[PDB]
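See structure below.
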Amino acid sequence: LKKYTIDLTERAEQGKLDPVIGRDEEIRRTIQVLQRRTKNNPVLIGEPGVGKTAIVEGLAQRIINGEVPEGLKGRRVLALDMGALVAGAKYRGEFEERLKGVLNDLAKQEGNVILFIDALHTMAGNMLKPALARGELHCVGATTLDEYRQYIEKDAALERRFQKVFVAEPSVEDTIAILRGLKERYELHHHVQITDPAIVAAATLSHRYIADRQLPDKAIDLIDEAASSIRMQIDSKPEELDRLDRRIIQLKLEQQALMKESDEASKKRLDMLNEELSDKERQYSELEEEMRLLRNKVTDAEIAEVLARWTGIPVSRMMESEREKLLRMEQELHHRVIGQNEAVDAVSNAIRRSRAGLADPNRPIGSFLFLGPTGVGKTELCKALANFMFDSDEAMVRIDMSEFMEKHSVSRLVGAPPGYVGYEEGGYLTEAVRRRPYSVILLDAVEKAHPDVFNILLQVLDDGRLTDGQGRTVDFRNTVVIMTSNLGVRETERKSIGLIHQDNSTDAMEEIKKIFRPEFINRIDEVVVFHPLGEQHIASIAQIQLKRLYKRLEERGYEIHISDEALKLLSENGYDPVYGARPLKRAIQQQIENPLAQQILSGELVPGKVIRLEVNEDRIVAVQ
Amino acid sequence: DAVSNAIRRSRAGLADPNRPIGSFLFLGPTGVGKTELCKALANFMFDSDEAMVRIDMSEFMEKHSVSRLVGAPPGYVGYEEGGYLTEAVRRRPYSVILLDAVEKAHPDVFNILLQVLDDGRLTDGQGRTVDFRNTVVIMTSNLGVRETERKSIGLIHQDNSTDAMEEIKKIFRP
Amino acid sequence: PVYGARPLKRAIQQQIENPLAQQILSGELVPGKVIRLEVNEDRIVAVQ
Amino acid sequence: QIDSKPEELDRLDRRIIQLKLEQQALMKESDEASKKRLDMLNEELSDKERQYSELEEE
Amino acid sequence: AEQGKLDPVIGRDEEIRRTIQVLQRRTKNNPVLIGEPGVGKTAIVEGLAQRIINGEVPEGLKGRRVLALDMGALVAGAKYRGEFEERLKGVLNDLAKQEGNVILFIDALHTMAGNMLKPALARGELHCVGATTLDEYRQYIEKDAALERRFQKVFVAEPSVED
Ligand SMILES: Nc1ncnc2c1ncn2[C@@H]1O[C@H](COP(=O)(O)OP(=O)(O)OP(O)(O)=S)[C@@H](O)[C@H]1O
Ligand SMILES: Nc1ncnc2c1ncn2[C@@H]1O[C@H](COP(=O)(O)OP(=O)(O)OP(O)(O)=S)[C@@H](O)[C@H]1O
Ligand SMILES: Nc1ncnc2c1ncn2[C@@H]1O[C@H](COP(=O)(O)OP(=O)(O)OP(O)(O)=S)[C@@H](O)[C@H]1O
Ligand SMILES: Nc1ncnc2c1ncn2[C@@H]1O[C@H](COP(=O)(O)OP(=O)(O)OP(O)(O)=S)[C@@H](O)[C@H]1O
């Protein structure tokens with residue numbers, strides 16, 4: 001008891017055990033087990049982070065703090081932790097000897113020293129049952145759910161040794177009382193003065209967002225991380241000084257990339273960045289020679305910037321300048337997708353209300369069932385939205401739902417039942433959107449998937465979470481979906497002419513209301529129906545079809561200027577009454593790119609010189 | 001009044017001990033607020049929507065989904081991880097369970113469900129007994145929406161009951 | 001008749017709350033005061 | 001229950017220990033005009049002290 | 001690193017501020033670099049060592065020095081029941097002798113026993129550095145809320161042209 005044990009009451013005497021304000025219920029549950037003769041060893045069972053070790057050591061905090069009544073005063077808490085019994089016994093038999101020594105010690109305590117097994121799955125059993133049979137061992141269990149059950153559940157002799165402990169959960173109120181009850185201990189443990197908004201945002205926002213740990217402790221280590229980044233601010237220089245100096249370090253690593261060259265002077269095209277280097281010396285000198293350089297407002301906005309680096313709705317963007325690209329979000333789509341006014345306003349306004357957040361957080365954000373014709377370019381619009389917000393097309397997780405015809409379809413895409421290859425491989429959308437849950441959940445042709453797939457669209461559209469075969473919640477409460485499904489193609493291509501719009505809504509709503517409930521008609525953002533294009537739109541997609549060719553042949557170092565007559569021939573070959581604007585790239589390549597390749601390989605086009613496409617033909621030809 | 005009188009019967013004590021406490025079949029058009037009322041049922045007596053999980057019978061249609069509700073056969077992943085029904089009831093047997101669209105489930109969940117109803121004992125992949133004899137279940141349906149919203153004009157309630165009980169009759173027992 | 005008062009969630013958030021979000025985040029509406037649902041013209045507009 | 005303080009007595013004493021150590025949390029705040037709302041927990045604490053004094057006497 | 005035998009880095013300041021900013025905690029205290037074996041995360045912990053030792057770092061990481069428990073001498077002679085145990089308790093007590101002025105960059109973080117590592121990481125008595133592959137940080141474990149209270153990660157994405 002003097003060699004192997006750690007005195008938890010002494011830990012609560014000096015105060016290395018962080019004081020626990022509240023929860024008298026389960027410490028009273030411990031004391032109620034301690035008066036109990038049989039089933040005398042309590043087992044603290046919660047999730048990890050219900051504080052099982054901290055409830056035994058806080059039971060020592062009660063035994064020193066006198067909140068315990070008569071009966072246990074004198075019965076001493078001494079904790080056999082792991083690591084203690086692992087002494088230099090290189091040979092056998094001495095283990096049973098030293099255990100016989102310490103069980104003669106608690107055998108002569110006679111209810112004066114209480115034993116404790118920290119992380120109960122450690123310790124034995126061949127010797128504690130006599131010491132739990134006379135009345136001489138008084139041990140305590142504190143370990144997790146899996147480590148108590150797999151410690152032992154099913155021995156009816158050892159569950160005769162161990163009683164479990166179960167809890168009750170009130171509101172976020174007493175979590176706020178944990179955070180204010182601990183915030184000055186982490187002032188003198190975290191070098192600050194904890195104002196309230198960081199911890200009340202930690203409590204309420206922890207009860208809203210975090211689906212991995214539990215109240216209040218997820219808020220507690222959020223304040224740990226918070227005061228960590230705060231002391232990162234405390235011991236460094238003031239703010240904009242570190243803006244200047246840190247961008248000096250990283251950007252001089254960029255010029256460190258941008259100096260070791262073949263010819264240094266000609267590719268010093270970054271000369272503005274070096275005048276800006278001496279300018280960073282200039283304003284960085286203004287602010288080194290020269291609060292709002294301080295934050296006791298920790299802040300909710302700034303650990304909302306940390307959590308905003310986590311989730312997928314930012315607030316670090318919120319203190320930036322964003323309204324100028326918001327007010328021409330239509331026109332910044334018109335740089336690559338022109339026309340379709342109720343589509344760019346219904347879709348773009350649906351993006352505004354979506355990432356603005358006007359619905360339930362326990363509802364999805366941008367929820368779209370697309371229904372309409374072809375000849376439009378849906379995946380290039382999905383690339384316009386990943387290349388719009390995601391700034392390039394990583395989010396385009398394209399998972400075709402066409403494969404799913406037989407009985408076992410939700411074992412296919414949801415994930416297989418365990419005990420097989422398919423569960424560890426998981427489902428299709430379940431896994432490839434399990435990697436990025438807060439992203440574009442892009443789907444083509446969902447209608448051929450199961451009714452069960454339809455009602456788990458009713459799960460990610462009502463609830464906004466997903467469940468595989470095992471039974472956990474993949475969180476979708478912070479993602480925008482795009483469903484470029486192939487529901488519309490035959491109905492909306494076949495509807496012209498002879499079928500009015502209410503009839504396509506009638507039989508398409510006979511498919512939806514054939515399987516879905518009214519919330520699939522209702523709870524999407526918009527039913528976005530497209531229309532065919534005009535001639536100036538053909539001119540615009542010619543221009544932006546050329547801008548990619550400008551940057552592409554720009555990487556080689558050539559120049560091409562095109563007259564208006566070739567524009568007139570492409571406008572002539574642009575539109576057909578049956579198909580629309582799709583074969584334009586094929587006509588451009590078949591009439592333009594054949595003599596261009598023929599003369600760039602033939603030798604008639606000279607490198608290092610400007611190229612111009614003229615017409616010494618009845619079609620487009622190349623010349624120098 | 002139906003669910004509230006079911007609560008007064010629940011805390012009152014009328015029930016047969018070889019039965020579940022509450023079991024109902026809801027039919028009709030959709031738009032009434034079923035699982036919002038189940039969120040109020042998670043709000044009233046044990047006081048928390050944290051204790052509302054909402055369970056579905058749709059994804060569980062396969063050859064091994066019987067071993068999803070009972071746990072896998074031995075020698076499998078999900079045998080040591082168990083099943084959703086056996087672990088879920090085995091943690092706290094006195095709780096509120098929210099099922100959806102049981103027609104999606106097989107006649108093997110209807111016979112495990114019969115063991116919820118009759119004689120009160122479920123044997124899993126392993127085979128040990130499962131305590132179901134004081135458990136409250138809630139099961140919603142799509143039989144109401146898929147033949148009521150179009151037949152709301154003209155049809156009567158008895159014929160609604162019969163043309164539910166036909167496809168029920170093909171795949172359930174009385 | 002089939003649908004009921006179910007779409008009224010998005011009749012509110014869609015039908016009024018899109019220009020309301022435009023006017024709140026536009027900077028016209030300074031926060032901090034008691035809101036009275038005023039009447040501009042025949043489509044519902046909230047004014048601060 | 002006979003050796004120590006009675007059941008309704010330590011229900012009450014432990015409700016007032018919930019509210020009192022809840023105030024030991026609830027002292028240091030951020031701004032006054034928002035988070036000194038807790039008037040209602042104070043009059044509930046008056047029910048706590050009065051009922052605990054009543055069954056303290058009885 | 002004083003002798004300068006290690007590999008340099010180019011750029012790498014924002015997400016290594018994510019590495020230092022995930023270093024200086026108490027429990028969750030240890031960073032994890034995420035990514036496959038063709039990205040270079042050991043250059044990020046050793047460029048971390050070059051910021052700590054060379055001196056662009058502010059106050060706090062001036063004197064900190066990094067050690068490395070490896071599995072090789074752990075499994076070298078495990079002849080009897082206790083050799084590996086006397087040697088690992090020697091590791092933990094030598095962690096106690098430099099008193100937390102030992103940084104322990106454990107690469108292959110799941111390799112390092114553990115119930116003797118958990119409470120010292122919990123009190124503040126232990127503080128290390130972790131590293132595991134993208135798929136293998138999906139394999140490490142995140143739902144053990146205890147081992148959620150022992151470690152934390154650093155985010156790195158798909159590489160670009162300019163870098
Ligand atoms: N009210 C509180 N007062 C003080 N510290 C608290 C409080 N709530 C949580 N903690 C912290 O909770 C942390 C975890 O407690 P533990 O003693 O590890 O209990 P535990 O859940 O059994 O951990 P194990 O045994 O490793 S599973 C400690 O580091 C405490 O700082
Ligand atoms: N606006 C556009 N800009 C650039 N390329 C386009 C455009 N529209 C179509 N394309 C090209 O033509 C192809 C067809 O466009 P998509 O965006 O895939 O149309 P789609 O309806 O999504 O076809 P799916 O996905 O096979 S049903 C694209 O992959 C591009 O190569
Ligand atoms: N009348 C209503 N009152 C309140 N909330 C409603 C109502 N109707 C729908 N909801 C919301 O929409 C969700 C689904 O609608 P429900 O009324 O529960 O019908 P349902 O049959 O449960 O559909 P589910 O939940 O997808 S199986 C609920 O969880 C609520 O969030
Ligand atoms: N950041 C870097 N800076 C400098 N050289 C690097 C860098 N990353 C990789 N290298 C080079 O690549 C070689 C090995 O790359 P590693 O850094 O070991 O890749 P890795 O991601 O660490 O994968 P491991 O270590 O095999 S798991 C080194 O010998 C260097 O030549």
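By convention here, the chains of the structure tokens are called A, B, ... in the order presented, each chain's residues are numbered starting at 1, and ligands are numbered starting at 1 in the order presented.
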Review point. Would you list which chain E residues are within 7 Å of chain A using only C-alpha atoms, as a ChimeraX atom specification?
Key: /E:10-11,13,21,24-25,58-59,80-82,86,116,145-146
With N, CA, C and O atoms retained, write the just-selected residues as a PDB file, in the first residue's frame.
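Output file result05.pdb is given in full below:
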ATOM      1  N   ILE E  10      10.464  23.786 -48.393  1.00  0.00           N
ATOM      2  CA  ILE E  10      10.242  24.938 -49.262  1.00  0.00           C
ATOM      3  C   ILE E  10       8.832  25.419 -48.998  1.00  0.00           C
ATOM      4  O   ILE E  10       7.875  24.645 -49.131  1.00  0.00           O
ATOM      5  N   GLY E  11       8.698  26.672 -48.623  1.00  0.00           N
ATOM      6  CA  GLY E  11       7.419  27.141 -48.171  1.00  0.00           C
ATOM      7  C   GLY E  11       7.110  26.545 -46.816  1.00  0.00           C
ATOM      8  O   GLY E  11       7.921  26.558 -45.888  1.00  0.00           O
ATOM      9  N   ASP E  13       4.521  27.007 -44.225  1.00  0.00           N
ATOM     10  CA  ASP E  13       4.459  27.834 -43.016  1.00  0.00           C
ATOM     11  C   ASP E  13       3.049  27.847 -42.413  1.00  0.00           C
ATOM     12  O   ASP E  13       2.894  27.840 -41.185  1.00  0.00           O
ATOM     13  N   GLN E  21       0.492  24.662 -33.802  1.00  0.00           N
ATOM     14  CA  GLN E  21      -0.749  25.032 -33.131  1.00  0.00           C
ATOM     15  C   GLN E  21      -1.506  23.788 -32.662  1.00  0.00           C
ATOM     16  O   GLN E  21      -2.341  23.874 -31.755  1.00  0.00           O
ATOM     17  N   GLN E  24       0.973  22.514 -29.202  1.00  0.00           N
ATOM     18  CA  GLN E  24       1.032  23.039 -27.836  1.00  0.00           C
ATOM     19  C   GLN E  24      -0.293  22.866 -27.083  1.00  0.00           C
ATOM     20  O   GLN E  24      -0.876  23.852 -26.618  1.00  0.00           O
ATOM     21  N   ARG E  25      -0.782  21.625 -26.945  1.00  0.00           N
ATOM     22  CA  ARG E  25      -1.918  21.355 -26.062  1.00  0.00           C
ATOM     23  C   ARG E  25      -1.474  20.483 -24.883  1.00  0.00           C
ATOM     24  O   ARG E  25      -0.284  20.185 -24.732  1.00  0.00           O
ATOM     25  N   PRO E  58       8.987  31.924 -32.100  1.00  0.00           N
ATOM     26  CA  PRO E  58       8.964  32.778 -30.909  1.00  0.00           C
ATOM     27  C   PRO E  58       9.277  32.001 -29.632  1.00  0.00           C
ATOM     28  O   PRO E  58       9.666  30.830 -29.652  1.00  0.00           O
ATOM     29  N   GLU E  59       9.129  32.705 -28.507  1.00  0.00           N
ATOM     30  CA  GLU E  59       9.340  32.164 -27.165  1.00  0.00           C
ATOM     31  C   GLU E  59       8.429  30.966 -26.890  1.00  0.00           C
ATOM     32  O   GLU E  59       7.234  30.983 -27.178  1.00  0.00           O
ATOM     33  N   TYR E  80      12.521 -12.902 -21.954  1.00  0.00           N
ATOM     34  CA  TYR E  80      11.666 -13.260 -20.829  1.00  0.00           C
ATOM     35  C   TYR E  80      10.494 -12.293 -20.719  1.00  0.00           C
ATOM     36  O   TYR E  80      10.456 -11.262 -21.397  1.00  0.00           O
ATOM     37  N   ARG E  81       9.532 -12.645 -19.864  1.00  0.00           N
ATOM     38  CA  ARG E  81       8.412 -11.771 -19.537  1.00  0.00           C
ATOM     39  C   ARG E  81       8.897 -10.705 -18.556  1.00  0.00           C
ATOM     40  O   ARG E  81       8.991 -10.957 -17.349  1.00  0.00           O
ATOM     41  N   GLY E  82       9.237  -9.519 -19.065  1.00  0.00           N
ATOM     42  CA  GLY E  82       9.781  -8.469 -18.231  1.00  0.00           C
ATOM     43  C   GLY E  82      10.917  -7.661 -18.825  1.00  0.00           C
ATOM     44  O   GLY E  82      11.101  -6.508 -18.415  1.00  0.00           O
ATOM     45  N   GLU E  86      10.766  -4.081 -18.409  1.00  0.00           N
ATOM     46  CA  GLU E  86      11.748  -3.246 -17.711  1.00  0.00           C
ATOM     47  C   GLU E  86      12.287  -2.153 -18.621  1.00  0.00           C
ATOM     48  O   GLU E  86      12.571  -1.035 -18.170  1.00  0.00           O
ATOM     49  N   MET E 116      -0.327   2.664 -19.796  1.00  0.00           N
ATOM     50  CA  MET E 116       0.595   3.439 -18.984  1.00  0.00           C
ATOM     51  C   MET E 116       0.876   4.776 -19.652  1.00  0.00           C
ATOM     52  O   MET E 116       1.416   5.699 -19.032  1.00  0.00           O
ATOM     53  N   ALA E 145     -12.862   7.812 -27.320  1.00  0.00           N
ATOM     54  CA  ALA E 145     -12.885   9.195 -26.863  1.00  0.00           C
ATOM     55  C   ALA E 145     -11.738   9.476 -25.899  1.00  0.00           C
ATOM     56  O   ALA E 145     -11.313  10.624 -25.767  1.00  0.00           O
ATOM     57  N   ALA E 146     -11.201   8.435 -25.253  1.00  0.00           N
ATOM     58  CA  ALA E 146      -9.928   8.559 -24.553  1.00  0.00           C
ATOM     59  C   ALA E 146      -8.804   8.889 -25.522  1.00  0.00           C
ATOM     60  O   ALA E 146      -8.159   9.937 -25.406  1.00  0.00           O
TER      61      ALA E 146
END
Practice item. Might you pull out every residue within 12 Å of residue 38 (chain E), with only C-alpha atoms counted and same-chain residues fewer than 3 positions away left off, and present them as a VMD selection string? Key: chain E and resid 34 to 35 41 to 43 133 to 134 158 to 159
Review point. Within 6 Å of ligand 3, counting only C-alpha atoms and all ligand atoms: which residues, as a PyMOL selection string?
Key: (chain A and resi 458-459+462) or (chain B and resi 31-36+100) or (chain C and resi 6)
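For the atom pair formed by CA of residue 28 (chain D) and CA of residue 189 (chain A), the distance is 16.8 Å, given to one decimal.
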Practice item. Residues up to 9 Å from ligand 1, counting only C-alpha atoms and all ligand atoms: could you list those as an MDAnalysis selection string? Key: (chainID A and resid 17:23 44:58 118:120 142:144 175 177:179 181:182 185 216:217 220:221) or (chainID E and resid 27 115 118:119 122:124 145:147 149)
Since we have the selection now, will you write its residues out, keeping N, CA and C atoms, as a compact mmCIF listing (two decimals), in the first residue's frame?
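As written to disk, result_32.txt reads:
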# COMPACT_ATOMS: atom_id res chain seq x y z
N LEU A 17 -5.80 17.17 -8.58
CA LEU A 17 -7.11 16.79 -9.08
C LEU A 17 -7.97 18.03 -9.22
N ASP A 18 -8.24 18.41 -10.47
CA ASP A 18 -9.09 19.51 -10.90
C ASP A 18 -10.47 19.38 -10.27
N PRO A 19 -10.88 20.42 -9.55
CA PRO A 19 -12.11 20.32 -8.75
C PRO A 19 -13.33 20.24 -9.64
N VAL A 20 -14.27 19.41 -9.22
CA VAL A 20 -15.47 19.13 -9.98
C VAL A 20 -16.64 19.76 -9.26
N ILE A 21 -17.27 20.73 -9.90
CA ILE A 21 -18.41 21.46 -9.36
C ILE A 21 -19.66 20.86 -10.00
N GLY A 22 -20.51 20.23 -9.17
CA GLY A 22 -21.76 19.64 -9.63
C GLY A 22 -21.75 18.12 -9.59
N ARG A 23 -22.83 17.55 -10.15
CA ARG A 23 -23.08 16.10 -10.27
C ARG A 23 -22.92 15.34 -8.95
N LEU A 44 -17.81 2.38 -12.78
CA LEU A 44 -18.22 3.60 -13.44
C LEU A 44 -18.29 3.39 -14.95
N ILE A 45 -19.50 3.42 -15.49
CA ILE A 45 -19.74 3.18 -16.91
C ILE A 45 -20.42 4.40 -17.51
N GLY A 46 -19.68 5.11 -18.35
CA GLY A 46 -20.30 6.03 -19.28
C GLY A 46 -19.61 5.85 -20.60
N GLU A 47 -19.77 6.81 -21.49
CA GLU A 47 -18.81 6.95 -22.56
C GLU A 47 -17.48 7.38 -21.96
N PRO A 48 -16.37 7.14 -22.65
CA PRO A 48 -15.12 7.80 -22.26
C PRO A 48 -15.29 9.30 -22.35
N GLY A 49 -15.02 9.98 -21.24
CA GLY A 49 -15.36 11.37 -21.09
C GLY A 49 -16.59 11.61 -20.23
N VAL A 50 -17.17 10.54 -19.67
CA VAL A 50 -18.09 10.69 -18.55
C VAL A 50 -17.28 10.76 -17.26
N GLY A 51 -15.99 10.46 -17.35
CA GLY A 51 -15.05 10.78 -16.30
C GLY A 51 -14.90 9.73 -15.24
N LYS A 52 -14.70 8.47 -15.63
CA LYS A 52 -14.81 7.34 -14.73
C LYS A 52 -13.68 7.32 -13.71
N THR A 53 -12.44 7.46 -14.20
CA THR A 53 -11.30 7.76 -13.35
C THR A 53 -11.52 9.05 -12.57
N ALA A 54 -12.10 10.06 -13.21
CA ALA A 54 -12.34 11.33 -12.53
C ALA A 54 -13.49 11.24 -11.53
N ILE A 55 -14.36 10.23 -11.64
CA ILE A 55 -15.41 10.04 -10.64
C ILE A 55 -14.87 9.28 -9.43
N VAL A 56 -13.90 8.38 -9.64
CA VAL A 56 -13.25 7.77 -8.48
C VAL A 56 -12.35 8.78 -7.77
N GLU A 57 -11.57 9.53 -8.54
CA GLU A 57 -10.69 10.53 -7.95
C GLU A 57 -11.47 11.73 -7.42
N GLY A 58 -12.64 12.00 -7.99
CA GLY A 58 -13.53 13.00 -7.42
C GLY A 58 -14.31 12.46 -6.23
N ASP A 118 -7.32 1.52 -11.43
CA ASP A 118 -7.49 2.48 -12.50
C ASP A 118 -7.41 1.80 -13.85
N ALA A 119 -8.41 2.08 -14.70
CA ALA A 119 -8.63 1.40 -15.98
C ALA A 119 -8.73 -0.12 -15.76
N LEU A 120 -9.88 -0.49 -15.14
CA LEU A 120 -10.13 -1.75 -14.43
C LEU A 120 -9.68 -3.01 -15.18
N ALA A 142 -13.24 1.39 -12.51
CA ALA A 142 -13.46 2.57 -13.33
C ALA A 142 -12.79 2.35 -14.67
N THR A 143 -13.57 1.92 -15.66
CA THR A 143 -13.07 1.73 -17.01
C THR A 143 -14.24 1.88 -17.97
N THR A 144 -13.91 1.94 -19.26
CA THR A 144 -14.87 2.24 -20.31
C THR A 144 -15.86 1.09 -20.53
N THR A 175 -23.77 22.19 -18.07
CA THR A 175 -22.52 22.21 -18.82
C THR A 175 -21.90 23.60 -18.79
N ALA A 177 -22.38 25.51 -16.35
CA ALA A 177 -21.88 25.56 -14.98
C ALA A 177 -20.56 24.81 -14.83
N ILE A 178 -20.31 23.81 -15.67
CA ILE A 178 -18.98 23.19 -15.66
C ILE A 178 -17.94 24.15 -16.19
N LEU A 179 -18.27 24.86 -17.27
CA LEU A 179 -17.29 25.72 -17.91
C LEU A 179 -16.98 26.95 -17.07
N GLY A 181 -17.45 26.90 -13.90
CA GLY A 181 -16.89 26.33 -12.68
C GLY A 181 -15.42 25.97 -12.83
N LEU A 182 -14.93 25.89 -14.07
CA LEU A 182 -13.55 25.50 -14.31
C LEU A 182 -12.71 26.61 -14.94
N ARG A 185 -9.63 28.01 -13.00
CA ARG A 185 -8.58 26.99 -12.96
C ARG A 185 -7.82 26.96 -14.28
N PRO A 216 -20.25 17.96 -20.75
CA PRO A 216 -19.68 19.27 -21.10
C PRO A 216 -18.26 19.15 -21.61
N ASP A 217 -17.78 17.92 -21.76
CA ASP A 217 -16.34 17.71 -21.83
C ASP A 217 -15.80 18.06 -23.21
N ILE A 220 -15.06 21.38 -22.90
CA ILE A 220 -13.87 21.58 -22.07
C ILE A 220 -12.59 21.50 -22.90
N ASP A 221 -12.43 20.44 -23.70
CA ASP A 221 -11.21 20.38 -24.51
C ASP A 221 -11.28 21.33 -25.71
N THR E 27 -3.78 17.62 -23.41
CA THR E 27 -4.33 16.30 -23.68
C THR E 27 -5.36 16.42 -24.81
N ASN E 115 -1.82 1.70 -21.82
CA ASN E 115 -2.55 2.08 -20.61
C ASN E 115 -1.64 2.75 -19.59
N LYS E 118 -1.66 6.54 -21.50
CA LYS E 118 -2.89 7.31 -21.33
C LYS E 118 -2.94 8.24 -20.11
N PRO E 119 -2.63 7.81 -18.87
CA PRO E 119 -2.87 8.72 -17.73
C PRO E 119 -1.84 9.83 -17.65
N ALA E 122 -2.83 12.25 -19.93
CA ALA E 122 -4.05 12.91 -19.47
C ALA E 122 -3.75 14.00 -18.45
N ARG E 123 -2.88 13.72 -17.48
CA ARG E 123 -2.58 14.70 -16.43
C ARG E 123 -1.81 15.88 -16.98
N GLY E 124 -1.10 15.68 -18.09
CA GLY E 124 -0.05 16.58 -18.52
C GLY E 124 1.33 16.03 -18.27
N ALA E 145 -12.86 7.81 -27.32
CA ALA E 145 -12.89 9.20 -26.86
C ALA E 145 -11.74 9.48 -25.90
N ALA E 146 -11.20 8.43 -25.25
CA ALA E 146 -9.93 8.56 -24.55
C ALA E 146 -8.80 8.89 -25.52
N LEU E 147 -8.61 8.06 -26.55
CA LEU E 147 -7.56 8.34 -27.52
C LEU E 147 -7.93 9.52 -28.42
N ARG E 149 -8.86 11.96 -26.50
CA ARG E 149 -8.24 12.85 -25.53
C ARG E 149 -6.75 12.57 -25.37
**Study point:** Surrounding residues as number ranges by chain, ligand 2, max 6 Å, only C-alpha atoms and all ligand atoms
**Key:** A: 377-380
Would you put the residues from that selection into a file with N, CA, C and O atoms, as a short mmCIF file (atom, residue, chain, number, x, y, z; two decimals), in the first residue's frame?
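The result, written out as selection-v8.cif:
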data_model
loop_
_atom_site.label_atom_id
_atom_site.label_comp_id
_atom_site.auth_asym_id
_atom_site.auth_seq_id
_atom_site.Cartn_x
_atom_site.Cartn_y
_atom_site.Cartn_z
N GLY A 377 -25.43 20.64 -70.37
CA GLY A 377 -24.11 20.60 -69.76
C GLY A 377 -24.08 20.55 -68.24
O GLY A 377 -23.45 21.41 -67.62
N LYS A 378 -24.76 19.56 -67.64
CA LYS A 378 -24.96 19.52 -66.19
C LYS A 378 -23.65 19.32 -65.42
O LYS A 378 -23.44 19.95 -64.38
N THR A 379 -22.78 18.43 -65.91
CA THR A 379 -21.56 18.14 -65.15
C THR A 379 -20.57 19.29 -65.25
O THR A 379 -19.77 19.51 -64.34
N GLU A 380 -20.63 20.06 -66.34
CA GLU A 380 -19.78 21.25 -66.42
C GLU A 380 -20.30 22.36 -65.51
O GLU A 380 -19.54 23.25 -65.13
#
Applying 8 Å and only C-alpha atoms, which residues near region 400-408 of chain A remain after dropping the ones on its own chain fewer than 3 positions away? List them as a tab-separated table (two decimals) with N, CA, C and O atoms, in the first residue's frame.
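Output below, filename result_26.tsv:
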chain	number	residue	atom	x	y	z
A	411	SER	N	-27.70	-2.95	-49.65
A	411	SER	CA	-26.41	-3.51	-49.28
A	411	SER	C	-25.34	-3.09	-50.27
A	411	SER	O	-24.15	-3.09	-49.93
A	412	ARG	N	-25.73	-2.76	-51.51
A	412	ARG	CA	-24.73	-2.28	-52.46
A	412	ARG	C	-24.25	-0.88	-52.09
A	412	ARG	O	-23.06	-0.68	-51.80
A	443	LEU	N	-24.88	13.06	-57.72
A	443	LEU	CA	-25.56	11.85	-58.15
A	443	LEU	C	-26.10	12.04	-59.56
A	443	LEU	O	-26.68	13.09	-59.88
A	444	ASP	N	-25.91	11.03	-60.40
A	444	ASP	CA	-26.57	10.95	-61.69
A	444	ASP	C	-27.46	9.72	-61.71
A	444	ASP	O	-27.04	8.65	-61.25
A	445	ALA	N	-28.69	9.89	-62.19
A	445	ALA	CA	-29.66	8.82	-62.44
A	445	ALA	C	-30.00	8.05	-61.16
A	445	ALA	O	-29.68	6.87	-61.00
A	446	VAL	N	-30.63	8.75	-60.22
A	446	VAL	CA	-30.98	8.14	-58.95
A	446	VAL	C	-32.27	7.32	-59.04
A	446	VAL	O	-32.52	6.47	-58.17
A	448	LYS	N	-33.35	4.87	-60.78
A	448	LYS	CA	-33.30	3.43	-60.97
A	448	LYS	C	-32.87	2.74	-59.69
A	448	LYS	O	-32.92	1.51	-59.59
A	449	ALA	N	-32.44	3.51	-58.70
A	449	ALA	CA	-32.12	2.94	-57.41
A	449	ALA	C	-33.40	2.61	-56.64
A	449	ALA	O	-34.52	2.91	-57.08
A	450	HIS	N	-33.23	2.02	-55.46
A	450	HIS	CA	-34.30	1.35	-54.76
A	450	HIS	C	-35.26	2.36	-54.13
A	450	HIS	O	-34.92	3.54	-53.96
B	61	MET	N	-32.71	-5.19	-46.14
B	61	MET	CA	-33.54	-6.09	-46.93
B	61	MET	C	-32.81	-7.36	-47.38
B	61	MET	O	-33.34	-8.12	-48.20
B	62	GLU	N	-31.61	-7.60	-46.88
B	62	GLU	CA	-30.76	-8.57	-47.56
B	62	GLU	C	-30.61	-9.89	-46.82
B	62	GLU	O	-31.17	-10.09	-45.73
Review point. Given the choices D:42, D:50, D:2, D:57, which gets closest to residue 20 (chain D) if the distance is worked out from only C-alpha atoms?
Key: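 Checking each of D:42, D:50, D:2, D:57 against residue 20 (chain D), counting only C-alpha atoms, the winner is D:42.
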